[PDB]
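Just so you know, all these numbers are worked out from the coordinates, no wet-lab data involved. Here Cβ is always computed from backbone atoms with ideal geometry, including for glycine, and neighbour counts include all displayed protein chains.
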Amino acid sequence: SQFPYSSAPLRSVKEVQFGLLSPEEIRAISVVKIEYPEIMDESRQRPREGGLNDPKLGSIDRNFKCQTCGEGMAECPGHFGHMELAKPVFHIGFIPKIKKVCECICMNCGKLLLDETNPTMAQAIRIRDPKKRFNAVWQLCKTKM
Amino acid sequence: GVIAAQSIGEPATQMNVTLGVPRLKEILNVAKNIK
Amino acid sequence: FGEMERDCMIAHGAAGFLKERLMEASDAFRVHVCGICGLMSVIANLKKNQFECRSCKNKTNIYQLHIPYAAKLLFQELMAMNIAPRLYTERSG
Amino acid sequence: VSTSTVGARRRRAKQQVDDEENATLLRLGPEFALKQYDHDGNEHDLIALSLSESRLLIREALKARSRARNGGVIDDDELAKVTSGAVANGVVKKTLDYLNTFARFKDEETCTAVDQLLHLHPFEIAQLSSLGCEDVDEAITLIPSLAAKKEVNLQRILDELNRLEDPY
Amino acid sequence: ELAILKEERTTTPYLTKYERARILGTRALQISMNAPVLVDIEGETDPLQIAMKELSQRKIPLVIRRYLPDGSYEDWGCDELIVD
Amino acid sequence: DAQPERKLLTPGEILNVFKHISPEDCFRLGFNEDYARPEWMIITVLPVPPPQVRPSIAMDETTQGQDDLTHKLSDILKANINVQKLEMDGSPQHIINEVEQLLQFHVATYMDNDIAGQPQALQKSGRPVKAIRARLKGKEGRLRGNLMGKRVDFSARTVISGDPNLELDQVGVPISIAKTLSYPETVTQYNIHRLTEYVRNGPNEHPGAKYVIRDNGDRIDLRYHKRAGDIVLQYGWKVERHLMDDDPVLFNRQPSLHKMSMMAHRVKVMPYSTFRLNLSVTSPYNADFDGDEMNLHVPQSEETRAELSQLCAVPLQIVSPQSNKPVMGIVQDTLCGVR
Amino acid sequence: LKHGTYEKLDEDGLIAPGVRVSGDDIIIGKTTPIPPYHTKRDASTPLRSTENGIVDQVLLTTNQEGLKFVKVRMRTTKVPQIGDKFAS
Amino acid sequence: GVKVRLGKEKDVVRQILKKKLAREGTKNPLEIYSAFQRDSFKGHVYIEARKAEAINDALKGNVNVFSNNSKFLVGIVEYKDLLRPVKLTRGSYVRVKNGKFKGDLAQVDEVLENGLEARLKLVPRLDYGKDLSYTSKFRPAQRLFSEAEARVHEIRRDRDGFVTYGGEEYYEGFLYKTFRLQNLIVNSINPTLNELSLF
Amino acid sequence: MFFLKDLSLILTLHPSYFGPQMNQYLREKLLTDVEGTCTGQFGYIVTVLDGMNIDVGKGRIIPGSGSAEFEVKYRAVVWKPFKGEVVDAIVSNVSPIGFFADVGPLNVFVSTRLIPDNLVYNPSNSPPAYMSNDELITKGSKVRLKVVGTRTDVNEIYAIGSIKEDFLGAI
Amino acid sequence: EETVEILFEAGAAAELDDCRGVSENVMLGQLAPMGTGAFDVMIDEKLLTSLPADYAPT
DNA sequence: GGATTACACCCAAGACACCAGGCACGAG
RNA sequence: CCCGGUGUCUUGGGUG
DNA sequence: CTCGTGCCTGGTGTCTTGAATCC
Ligand SMILES: [Mg+2]
Ligand SMILES: [Zn+2]
Ligand SMILES: [Zn+2]
Ligand SMILES: [Zn+2]
């Protein structure tokens, strides 16, 4: 009621699917590429394009409308940019899992060190929970040197 | 569920074997070596 | 309205009251989601009445949600750490 | 806005390029799959309609509804005034008049004869009725679907269609 | 499919305190938005009071859809459930 | 025994190896081909959050400082440019080894600045940088501080006093509080005459009203409307009237240890500045009148008024499920006197 | 500009002793110029919203850096009432 | 190579030279040949010798050097890349790095003979003496010099279209002013939206 | 290309409409909103089958707002054209850039580089047409074209034809 | 507890949250399947037909 | 090595150092 | 001529 | 008239070494 009318159907959330954002997808939702660390341009206001405060990312000011959605600052959610890295770096949160993956796969071609021919290992792939299965596999393949 | 949680916790907030809160703590934590 | 207050309303079974307190009487916010990819990536111009999730090339399968602003904020902070929280409005099974 | 029985359309790892609508390649998209489901979950063949079937159903539905609007009390220009609104008046009148100038079998006697004659993918069976043809040579060129099916006897089909066809 | 036939309904035939509270509030809300009222209104003109009057005469036109744990459900009309 | 040569496993080296993992082995590793593909754990392009997440604040007047994330993104962006120039020239392994590791460092402490075993990134002021991970954890973070609980509108608080000449389910509410809080009552045929009287009295005379809300959502602020006499109410509009007799409100005294810390009382407007309670409800709240304060919450719709009166009201709470016995009785003076 | 009244300030930007004040009234008017007429921004100090009383005394002086410096003391009287605390 | 405190690289090179010269001909000479520090390589001094022990000797007691045993070896094939030494043609554009014109695009009209300075053509930022009885944060908006405005409000004609106004030269509306070459950026200049509109 | 489709529409009903003829109001409401409208997913919805007997199901009450939500399942005649489909048409306009042919609800544009050279636009003739030997090309002339591309702007569907191919043209 | 660790681990293993808990719906601001929210309320079209005809929607 | 020490409210008092460059003032 | 809002991070003492 | 010398301002920036017990 405090929301202006919109023709899109109103629904509720039934499921939250977590996951990772692919590099391709990050670019697909981005509205601008970010390159220059200087916020201001010539210090004459009017947010220089490509700045950390490029107006395509959104408005936090009552008098400038968003150049992407046309809505005021109250309704405008903000839109993401993207920053290309010259060299790929690790995500700090996932390092101990990355480490676990290295001992599981071949460091040349990347194949799982055990097969369904191994009887105990064939039992471990049946485990329905992904986390426990992954751990059960790694518990076997760890000693495979 | 919630009614059970409050019904057990509220008396604890006003209260040679171990008794009272230190004994209660051993149970919920399921200590392998009780005092 | 702290965590302990929340529990008391559950015990009373007053589910309707608890919803209203934490939304209409506070920081209620409307977002748009894409019916295909489940992200809050929709660009919505309401006076032009045109919507598009550029990633899915989808202008038809789009839903609106009412969620707390602080939840919208939370999801954008998760996106900034490369975590994708996909909001779907139906149970696949 | 308006939705159908088909649901979710969740993303998959391998993309697909047989979605693009191509009547030659029998690609009718996700909504017009070969096996559909009605509003009770029951299985059902896709309902493609020739020009002759469609003229009877639409005209019947409009006059039965018109009679119902009149508490229970022929020409195309009269039948189109049943709709509500000038936008609705336009699309319905243009569809009847278009069908009025391209439907060969304009009555239910001949139409049921064509119905029994035709009643093998369901889409091809409907295509053959809509596009008039003289000989077998003319059918497999404009429509290559028939050649793949390797179906004998297109003469009988065409001969009966042309014989039932009234003069003009 | 999910719906359970009338003769095979198994849930309790008494209105629960939670069902009662939701019915009274929902019906009250509809009356304040000028829904047609099904009982005579005398002196008691509060929205909640009119809804409580309709409940006492078994005249609220609503159906409870009680979900069971597996997702199936029994529809019960408020006209047929016994209110204490 | 043989001499081993441990070399560094750079992110780029590991990145190429991960893209060659087959779909069938991707599944067996517990990953997921559509949602969590294992090479996506390495960062190649960083999503830039909009200004909503990191707003600017004005310390004193015009002066404005930037959010910790804004400063930290500047550092990542500067460090990114120096890899550009350094990779192309003057890169005899050792030089690269210090620049590239520093880009890894800034991207790490941007997300998590509590990495064990190494010094924290610091602001110029000397205090540690507020990373995204630290934004979400702990009592004041996004989850425990803004989502599992949060500050709310239509609330009030003051010192409480007892009153034996109030009914058990009443609460005495100061006039000043009763003029600040409000309830949006929908206009119908049965109350339109009654509600117009409130509109003429205005926001400063009780019983009065503060706003008139149309179906489109435009509020008319009755403090500044000089032609208040020329308003005619239409059905379906809303009038935010003052709190009045018999309205149910939720009353609450911290800390809420059990469900009878929150019961619905009927409001009785009274002079002075304390909340009044009948003396027999002090026990379930574990309240007394030595300085205690209590909180009042006003439901904002027709549905929740009914929920309060039919589920949470004070007479329904006389017997508690904790020990199948009452939690309220005759207490203090009245109990001494009745003996 | 602030929403409260500015009509109790004298021409020197300072309110004078003896004037009763209520909440949100401005008692010290101060402006800051906007960098690149219509060039300044208000930086005034209003009385705390929950208070009232009488301006009692106004100190005017300069600080260690040589700029102007003011203090305004307000007095009111608090009379015991329902809710006030006491103890032996 | 050796890690040193940022900004102290030149000091360390100096200190090494003093130690070398002071010990020449004694029984304990400092057995280094040279030492140097490249600006492009922050916090790193390079030292030439035959034995690692001489490196430790050169740095002993130096308060600007990190005590951790962090001295790294350079490959012969990387020596020349350590000593690499490395436009502004007339009619080209540069960005000014100092003064009220800091950040502004300018055309490099002339270059000083000694080579020390130059002459730049830039869009002025003037007030025509309006409030006289400047900084880069309290400067005026850019606009071409208007000699009739100067005539009206506050001026020496020199030549066709050339005026000296408040001791600066304006020709056909542009300021011509000398800047040190070290005060102008010649590389990687990105014209702005506004500059594309103007020039 | 005509099909029969089983569709459904979410309808929100304000509580003041809760009367004994609720279903009949909804039946009128469904028809007014759906008939004659076009979508890229299904095409033009021409007429809905069995409108006066549609079973609307039960309405879900929206928590917090009082309004009621019906899912009206229904069956309609729909008309969507397809790329590759050969169809007949009636020309609506003739211009230097091609020809126009109303195919029922909409009109398809055929451009000049996909028209054979021997068909020459003749303005001097009365009435204007393309006059080849033993052929008629005037308004209302049966012509046979093939749909080679469908473009949808979510409001209406635009299809481009071609007459260059074998056996296509006037008959 | 272990707030951030849960969520990182949840991402890396693509966890699906079926939104049946009380806490899930509370923080998303939706009516929780408990008490007054443990069921849906439908409109009894059959019961409305016993009303007189002048009450009818047009 | 990490993990934590119940919940809510109010009051008052502090926020960035070092070096290179230009500009203004004083003396010969 | 409508609308109209200003702060963030810590330290110390209380209240219950 | 021309050179020596002190003050204001902006871009830049890091390091001499010096509370306890559950899983
Ligand atoms: Mg007390
Ligand atoms: Zn926007
Ligand atoms: Zn291999
Ligand atoms: Zn999408």
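Which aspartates and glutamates does H:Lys60 reach when only Cα atoms under 18 Å apart count, and residues fewer than 8 places away in its own chain are ignored? Partners found: H:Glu9, H:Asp11, H:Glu24, H:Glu31, H:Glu48.
A DSSP coil position with no more than 16 other Cβ atoms inside 10 Å describes the following GluC sites (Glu not before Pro) in chain E: E:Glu1, E:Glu42, E:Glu44, E:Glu80.
Shielding by partners for peptide F:94-100, expressed as the average number of C-beta atoms from other protein chains within 10 Å of each residue's C-beta, is 4.
The count of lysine pairs in region D:49-168 with alpha-carbon distances below 27 Å, taking only pairs 8 or more places apart or on different chains, stands at 9. Remark: region E:51-68, residue by residue, has Karplus-estimated 3J(HN,Hα) of 5, 5, 5, 4, 4, 5, 9, 6, 10, 6, x, 10, 10, 7, 9, 8, 7, 8 Hz, where x stands for each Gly or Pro and the curve is 6.51 cos²θ - 1.76 cosθ + 1.60 at θ = phi - 60°. Note on A:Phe64 and H:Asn190: the model spin-label points, each 7 Å out from Cα along the C-beta direction, lie 1.6 nm apart. Counting neighbouring Cβ atoms within 10 Å and putting the fewest first, the residues I:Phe18, I:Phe167 line up as I:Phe167, I:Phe18. The mean sequence separation of alpha-carbon pairs under 8 Å and at least six residues apart, normalised by the residue count of region I:1-82, gives a relative contact order of 48 percent.
The count of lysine pairs in region C:1-81 whose Cα atoms are under 30 Å apart, excluding pairs fewer than 8 places apart on the same chain, comes to 9. For chain A, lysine pairs separated by 8 or more sequence positions, or belonging to different chains, with Cα-Cα distances below 18 Å total 21. Cross-link partners for H:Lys177 among the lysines, with Cα-Cα distance under 29 Å and sequence neighbours closer than 8 places in the same chain left out: H:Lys87, H:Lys97, H:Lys100, H:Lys102, H:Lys121, H:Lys130, H:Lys137. Bridgeable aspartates and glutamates around G:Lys85 (alpha carbons under 15 Å apart, same-chain partners fewer than 8 residues away excluded): F:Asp288, F:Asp290, F:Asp292, F:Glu293. Annotation: amide H-H contacts under 5 Å for F:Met328 (H modelled 1.01 Å from N, sequence separation of 5 or more, or interchain): none. Distance from the alpha carbon centroid of region D:137-153 to that of region D:6-55 works out to 23 angstrom. Shown in residue order for region F:47-59 are the 3J(HN,Hα) couplings computed by the Karplus curve 6.51 cos²θ - 1.76 cosθ + 1.60 at θ = phi - 60°: x, 9, x, x, x, 4, 5, 10, x, 7, 10, 10, 4 Hz (x for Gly and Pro). Legend: mean number of C-beta atoms from other chains within 10 angstrom of residue C-beta atoms, peptide C:29-38, equals 5.
Projected label points at D:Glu160 and H:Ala141, each 7 Å from Cα along the beta carbon direction, are separated by 8.4 nanometres.
Relative to its residue count, chain H spans a Cα convex hull of 221 Å³ per residue. Taking region A:97-118 and a reference point 7 angstrom along Cα→Cβ of F:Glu13, the backbone N atoms nearer than 19 Å belong to A:97-111. Using a cut-off of under 15 Å, list every residue of region H:114-139 whose amide N is near the label point 7 Å from the Cα of H:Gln182 along the Cα-to-beta-carbon line. The answer is H:115-118, whose backbone nitrogens lie closer than 15 Å to the label point.
The phi torsions of region I:46-63, fed into the Karplus equation with coefficients 6.51, -1.76 and 1.60 and a -60° offset, translate into couplings of 7, 9, 8, 7, 6, x, 6, 10, 5, 8, 7, x, 9, x, 7, 6, 6, x Hz, rounded to whole numbers, with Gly and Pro shown as x. Taking every alpha-carbon pair under 8 Å whose residues sit at least 6 apart, chain C reaches a relative contact order of 27 percent.
List residues of region H:173-190, by number, whose backbone nitrogen lies under 17 Å from a label position 7 Å along Cα→C-beta of H:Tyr134. Zone members listed by number: H:173-179.
Note on C:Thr89 and D:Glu108: their simple-model spin labels are 4.2 nm apart, each label 7 Å out from Cα toward Cβ. With Cα atoms defining each centre, region I:123-171 and region F:187-208 are spaced 70 Å apart in the structure.
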